[PDB]
Every structure is written in C-alpha cells, then in structure tokens.
2 protein chains.
Amino acid sequence: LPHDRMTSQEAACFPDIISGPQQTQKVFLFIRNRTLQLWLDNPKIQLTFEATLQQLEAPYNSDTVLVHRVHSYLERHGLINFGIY
Amino acid sequence: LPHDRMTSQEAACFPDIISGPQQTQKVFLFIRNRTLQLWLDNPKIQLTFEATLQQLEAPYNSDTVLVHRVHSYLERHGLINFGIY
C-alpha cells in the first residue's frame, strides 16, 4: 500500500477522515503504517490493540479511539493477525 | 499560560482551530508551548520562524503554514522576541 495515501477500502471505514483535513489524514496514515510495521516485524504472535498503543509515540498515542479504529480495521480486514485466533 | 488550553487572545487569531476538533487544538498547543520553551531558554537572541521549524519534531514540522501562524502570533503579541528588532 502507498504510505502517503488512503485506499478505497479505508475510505469505506473512515469516511470522516478521508473527507476531512490533510493533517488528520496524515495522523491516520502514520498509525496505519506503524501498526503494519510492528506486525510484520513479528508475524507469529498476536498484535493487540493495547500493545500497539504502547509502542506508538506521542501524539499518536493520545487519540485512543482513532488507534482502536485503525487496529480493528486492520485485524478485521486481515492485514494484521492473519491466522491468529 | 495553561499548557493544555487555548486563551481568549489565541481564539481571536485562531478561530478555525478553537472551533475545530480537539486533536488539532492539541497540535496548536504543542507548537505554541515548544516555541515559548525555545525562546525562554535563550531570550537574548532573535528566535526566527525558520529556526523554530528546524527545532520542531515530526509531525509538527509538517504543517508549515500553521507553524508560521503560531510564530507570527507570538512575535506580534510580544511573547517571543521582546526587545529584539
């Protein structure tokens, strides 16, 4: 996926962000990008929401609702935690 | 000034930010707070816009228009660069 652009699938789950200011799109992208990096560095164990929040730096760790949405989107779509129950 | 709240004077110059989402208010506050810290650690030399941008970390250094507005507001109101021509 491109690091610097939201996809069609993301638009469906984040219409508030894709329709909104560029700044907030960049926050979304940072959270998505970092979450995927954390998963791909260790893809044999479950990457949890709580663990993702603890491994994100300020200010990305401050909108906990946004981080939970990104995590949930990634897990439900299979981009993280594939094959982990 | 409070680190975690915008003032009446700031509201007059940043009506778009004070009326908008909490996330973006927190970005404004971080830029304002850090700019003041940089000035107060060395209050005998001019703190320029360019120098402020170079001493800010990502992602605060990415909305260069917002950083210039905060710098200009602080200098015109006398909170930084007092007595420097």
# chains A, B, ... in the order shown; residues from 1 in each chain; ligands from 1
>>> closest_atom_pairs(of="region 3-72 of chain B", to="region 56-79 of chain A", cutoff="9 Å", atoms="only C-alpha atoms", output="tab-separated table")
residue	atom	partner	partner_atom	distance
B:23	CA	A:63	CA	7.5
B:26	CA	A:59	CA	8.7
B:27	CA	A:59	CA	8.4
B:59	CA	A:59	CA	8.6
>>> write_last_selection(atoms="C-alpha atoms", output="short mmCIF file (atom, residue, chain, number, x, y, z; two decimals), in the first residue's frame")
data_model
loop_
_atom_site.label_atom_id
_atom_site.label_comp_id
_atom_site.auth_asym_id
_atom_site.auth_seq_id
_atom_site.Cartn_x
_atom_site.Cartn_y
_atom_site.Cartn_z
CA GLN B 23 -6.78 16.84 18.06
CA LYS B 26 -3.54 19.86 20.74
CA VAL B 27 -1.21 20.33 17.70
CA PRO B 59 4.69 15.70 12.72
#
>>> select_by_dssp(residues="region 19-76 of chain A", states="helix (DSSP H, G or I)", output="PyMOL selection string")
chain A and resi 22-41+49-54+64-76
>>> residues_around(residues="region 15-18 of chain A", least_positions_apart="4", cutoff="8 Å", atoms="only C-alpha atoms", output="list in words")
residues 6, 11, 24, 25 and 28 of chain A
>>> closest_residue(among="B:81, B:54, B:33, B:48", to="residue 1 (chain B)", atoms="only C-alpha atoms")
B:33
>>> closest_residue(among="A:12, A:21, A:7, A:52", to="chain B", atoms="only C-alpha atoms")
A:21
>>> atom_distance(atom1="CA of residue 82 (chain A)", atom2="CA of residue 40 (chain A)")
10.9 Å
>>> atom_distance(atom1="CA of residue 9 (chain A)", atom2="CA of residue 51 (chain A)")
24.3 Å
>>> atom_distance(atom1="CA of residue 84 (chain B)", atom2="CA of residue 45 (chain B)")
7.4 Å
>>> residues_around(residues="residue 29 (chain A)", least_positions_apart="5", cutoff="8 Å", atoms="only C-alpha atoms", output="MDAnalysis selection string")
chainID A and resid 3:6
>>> write_last_selection(atoms="N, CA and C atoms", output="PDB file, in the first residue's frame")
ATOM      1  N   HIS A   3       2.354   4.495   1.381  1.00  0.00           N
ATOM      2  CA  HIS A   3       2.493   5.112   2.705  1.00  0.00           C
ATOM      3  C   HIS A   3       1.776   6.437   2.861  1.00  0.00           C
ATOM      4  N   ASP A   4       1.563   7.154   1.756  1.00  0.00           N
ATOM      5  CA  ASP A   4       1.127   8.551   1.805  1.00  0.00           C
ATOM      6  C   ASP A   4      -0.273   8.801   1.249  1.00  0.00           C
ATOM      7  N   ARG A   5      -1.052   7.741   1.014  1.00  0.00           N
ATOM      8  CA  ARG A   5      -2.430   7.888   0.509  1.00  0.00           C
ATOM      9  C   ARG A   5      -3.356   6.836   1.128  1.00  0.00           C
ATOM     10  N   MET A   6      -4.587   7.226   1.487  1.00  0.00           N
ATOM     11  CA  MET A   6      -5.639   6.301   1.932  1.00  0.00           C
ATOM     12  C   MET A   6      -6.209   5.543   0.743  1.00  0.00           C
TER      13      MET A   6
END
